[PDB]
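Undergrad: the data below comprise the sequence and an experimental structure of the protein.
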Amino acid sequence: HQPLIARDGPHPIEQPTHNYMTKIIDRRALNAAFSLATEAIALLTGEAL
Amino acid sequence: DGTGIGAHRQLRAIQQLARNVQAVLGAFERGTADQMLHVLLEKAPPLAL
Amino acid sequence: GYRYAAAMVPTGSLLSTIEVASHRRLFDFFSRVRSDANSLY
Amino acid sequence: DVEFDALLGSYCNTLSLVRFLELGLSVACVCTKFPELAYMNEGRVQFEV
Amino acid sequence: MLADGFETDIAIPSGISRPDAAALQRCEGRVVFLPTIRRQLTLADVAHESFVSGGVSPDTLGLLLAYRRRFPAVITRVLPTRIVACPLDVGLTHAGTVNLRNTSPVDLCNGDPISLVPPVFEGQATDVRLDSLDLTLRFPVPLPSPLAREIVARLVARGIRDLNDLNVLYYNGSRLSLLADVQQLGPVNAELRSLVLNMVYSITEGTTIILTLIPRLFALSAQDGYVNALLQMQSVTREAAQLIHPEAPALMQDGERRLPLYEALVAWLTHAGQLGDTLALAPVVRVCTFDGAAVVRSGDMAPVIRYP
């Protein structure tokens, strides 16, 4: 919502203005890997205990 | 209408005025400060003369 | 073309009023409404 | 299948209600008001020096 | 037209003395030109100092040609700070009744259209000059419409002499004359072009047959009384018929399926019958009194309802 002032002629009179606006949400994503290997599976499981 | 939508659309038409009458009643006190600064440029000669 | 009743109760409040139609390409639905246009209702 | 869209918030302005007598410029006036001026022709002010 | 009419506001400046502002309240209803259909205009836009070109003031002939690009308006009420008028091409008021005032030396009858003319007459060009603002106002003269066709037919025909009397009218038993002046060579050449374009277009192949009726008209004025008072005592066709014996062309191409006299007369109504508007401006205004009288006198107001 914008403001207004008052003037004299021959300036034409301004009226109130309004603005009406939206944005699209921009979207991104992330990654992170972790990899174990073969023998570490058996130690948490219990194949080679 | 008799419905809720008919009474609802009035409140968009009353609070269009209130967002706009304050915009025009506020256009005077920001013009009083304007139309002192347009007189006091014509009561005023420059320094170098 | 967005829903005016969502803005009939505000969620938060801005602080900076600028010439808004100075920068236009930052938005997607954007309309200057001289004091009351038709399609507000 | 579950999908949805959303509106995340809507933001307004605040019209700053400015009185002229809060301004520092209001020394340079002598503000007295008329209930009528459009009924008045040329007025004047006398000075004795 | 609008629903609640349309009223402009011509602004009056700040400093105007009392013997200068009191010359506006004698101008309750006049004819005032506008360049636009805006609402906020100044007297310096209205005045004759805005009427001038770059530096060259156009004289009484070009003063016609620069009316038809402006929009004539009539003042309804002069407030001390602004002058309210109403244009003619938009719409009158709610009621459609806007009171004028005569400047003419000639009174008005009812139903007569009004095409306005510059103040051409001797002892009549009365310009209210404002000395507090350096402004002059040249008000045009409303007339009954066939007078406006007479004066332009004098002023156009007068320059055609000078590019190589005529200045006395008669209307309702009063001899009046117009002020003669040297004419600007520019706007007269606009008139000679605007005539001959509307002159040549009204001639078609069918007008080779109507020309063979000239020996019928010249033999008809010798029998019936309506035609002796039709040709004229001064006209060309009577001096044409005594020397020229025309005859029609024999065969026309595709003469079976078309009426050649019909194409001669449709084009005549739309160009040569249009000529009374192509020189002057449009007769927008006629006088329709409600309860006053049959005749509206000079120096009196007149109710007005729009007319094409």
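TA: Thanks, I have it. Numbering: from 1, shown residues only, chains lettered A, B, ... in the order given.
Undergrad: can you pull out the strands in the chain?
TA: Since you didn't name a chain, this refers to chain A. Counting by DSSP state E, chain A has strands at residues A:19-22.
Undergrad: meant chain E actually
TA: E:8-11, E:31-34, E:40-42, E:71-78, E:82-87, E:108-109, E:113-114, E:128-130, E:135-137, E:168-170, E:175-177, E:285-287, E:295-296, E:304-306.
Undergrad: any buried residues in the longest helix seen in chain E, and which?
TA: When chain E is parsed with DSSP state H, its longest helix is helix E:145-162. By neighbour count on 16 or more other CB atoms under 10 Å in any protein chain shown, the buried set for helix E:145-162 is E:145, E:147, E:148, E:149, E:151, E:152, E:154, E:155, E:156, E:158, E:159. Any C-beta I mention is one placed from the backbone N, CA and C, and that applies to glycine too.
Undergrad: same question, stretch E:241-261
TA: In stretch E:241-261, the ones that count as buried by 16+ other CB under 10 Å are E:241, E:260.
Undergrad: now stretch E:7-16
TA: By 16+ other CB under 10 Å, the buried positions in stretch E:7-16 come out as E:8, E:9, E:10, E:11, E:12, E:16.
Undergrad: residues making contact with it?
TA: A:9-10, E:21, E:32, E:34, E:37-43, E:45-46, E:73, E:76, E:80-87, E:93, E:130, E:132-133 (CB atoms under 8 Å, 6 or more residues apart in numbering or on different chains).
Undergrad: quick check: phi and psi on residue A:8?
TA: Residue A:8 has phi and psi values of phi -110, psi 160 when expressed as degrees, to the nearest 10.
Undergrad: quick one: the longest helix of chain E to chain centroid distance?
TA: Offset of helix E:145-162 from its chain centre (CA atoms, centre = their mean, to the nearest Å): 10 Å.
Undergrad: can you tell me what sits against that helix?
TA: With contact meaning CB under 8 Å, 6+ apart, helix E:145-162 is reached by E:60-61, E:64, E:106, E:112-117, E:120, E:143, E:166-167, E:169, E:171, E:178, E:180, E:183, E:188, E:191-192, E:195, E:276, E:279-280, E:283.
Undergrad: send me it as CSV with only the CA atoms.
TA: C-alpha atoms of helix E:145-162 as CSV (Å, rounded to 0.1, in the frame of the first residue of the first chain):
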residue,chain,number,x,y,z
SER,E,145,-26.5,28.5,-39.6
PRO,E,146,-27.2,29.7,-43.2
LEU,E,147,-25.5,33.0,-42.3
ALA,E,148,-22.3,31.0,-41.5
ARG,E,149,-22.5,29.5,-45.0
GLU,E,150,-22.8,33.0,-46.5
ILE,E,151,-19.8,34.5,-44.7
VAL,E,152,-17.4,31.6,-45.5
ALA,E,153,-18.7,31.8,-49.1
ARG,E,154,-17.6,35.5,-49.1
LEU,E,155,-14.3,34.9,-47.4
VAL,E,156,-13.3,32.0,-49.6
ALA,E,157,-14.3,33.7,-52.8
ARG,E,158,-12.5,36.9,-51.7
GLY,E,159,-9.0,35.4,-51.7
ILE,E,160,-9.5,33.9,-55.2
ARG,E,161,-9.6,37.5,-56.4
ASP,E,162,-6.4,38.3,-54.7
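Undergrad: what does chain B put close to chain A?
TA: Selection of chain B residues close to chain A by CB under 8 Å from any CB of the partner chain yields B:19, B:20, B:23, B:24, B:26, B:27, B:28, B:30, B:31, B:34, B:35.
Undergrad: one more time with 6 Å, if that's ok
TA: B:19, B:20, B:23, B:27, B:28, B:30, B:31, B:34 (CB under 6 Å from any CB of the partner chain).
Undergrad: strands along chain D, start to end?
TA: Here chain D has its strands, by DSSP E, at D:11-12.
Undergrad: and residue E:60, what does it touch?
TA: E:118, E:120, E:181 (CB atoms under 6 Å, 6 or more residues apart in numbering or on different chains).
Undergrad: mark which of the contacts of stretch E:7-16 are buried, thanks.
TA: Buried by 16+ other CB under 10 Å: E:32, E:34, E:40-43, E:45-46, E:73, E:76, E:82-83, E:85-87, E:130, E:133, out of those.
Undergrad: and residue E:90, how far from residue E:36?
TA: Distance, residue E:90 to residue E:36, by CB to CB, to the nearest Å: 11 Å.
Undergrad: of these two, which one has the most company?
TA: A direct count of neighbours by other CB atoms under 10 Å in any protein chain shown for residue E:90 and residue E:36 places residue E:90 higher, at 14 against 11.
Undergrad: returning to that earlier point: which of the contacts of helix E:145-162 fall within helices?
TA: Residues of the contacts of helix E:145-162 located in helices (DSSP H): E:64, E:188, E:191, E:192, E:195, E:276.
Undergrad: burial check on residue 35, number of neighbours?
TA: All of this is about chain A. The number of residues packed near residue A:35 is 5, by other CB under 10 Å.
Undergrad: I was after chain E.
TA: Residue E:35 has 13 neighbouring residues, counting by other CB under 10 Å.
Undergrad: can you give me the neighbour number for the closest residue to it other than its chain neighbours?
TA: In space, and not counting its chain neighbours, residue E:35 is closest to residue E:70: 5.9 Å by CB to CB, 6 or more residues apart in numbering or on different chains. Using other CB under 10 Å, residue E:70 has 14 other residues around it.
Undergrad: show me where chain B has helices.
TA: All helices of chain B, identified by DSSP H, fall at B:4-14, B:18-32, B:34-37.
Undergrad: and those, which is most packed in?
TA: For the helices of chain B, average neighbour numbers computed from mean count of other CB atoms under 10 Å in any protein chain shown are highest in helix B:18-32, which has a mean of 16.
Undergrad: wait, does that one contact chain C?
TA: Yes. Counting by CB under 6 Å from any CB, chain C is contacted by helix B:18-32 at residue B:20.
Undergrad: list of residues touching that helix?
TA: The contact list for helix B:18-32 (CB under 6 Å, 6+ apart) reads A:1, A:4, A:5, A:6, A:16, C:35, D:15, D:18, D:20.
Undergrad: which ones, among those, also lie beside chain B?
TA: A:1, A:4, A:5, A:6, A:16, C:35, D:15, D:18, D:20.
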